[PDB]
């Protein structure tokens, strides 16, 4: 028994096997809307505050990141179609990133083949909607 852990949602809802494919996200994390990390998986990249701030900016006003690309841990993802104030998506070859904004949080998923883009989107959006339903 403990008082709870954001790591529980990272391991059990983001890093779990996806729909009986036997495949999972490479890494995942939950951040506060201010850019503080609440929990991140064992392989999540070495992100730096400027990268998170750039992502916060993009949620506040879409179309800022795409001319430059999305940096996280030094790696460059090309920005693809998202949803203003809700979802930011990035591509790097057959991998990518998906970020879902909630009231109080941002949920990150990073994937590589054979995980499809839609599956990252699905995993991160399902957790984000659950947090939204709880007023977070």
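Positions refer to the first chain, counted from 1.
Please work out which of 120-128 and 17-25 has the higher mean CA B-factor as recorded in the PDB entry.
Per the PDB entry, the higher value belongs to 17-25.
Highest mean C-alpha temperature factor of the two stretches 63-71 and 90-98, which is it?
Per the PDB record, 63-71.
What third of its chain's C-alpha B-factors does residue 77 belong to: lowest, middle or highest?
CA B-factor rank for residue 77: middle third.
Position of residue 40 among the chain's modelled residues by C-alpha B-factor, lowest, middle or highest third:
Ranked within chain, residue 40 CA B lands in the lowest tercile.
Relative to the other modelled residues of the same chain, rank the CA B-factor of residue 109 and answer lowest, middle or highest third.
It belongs to the lowest third of the chain when residues are ordered by C-alpha B-factor.
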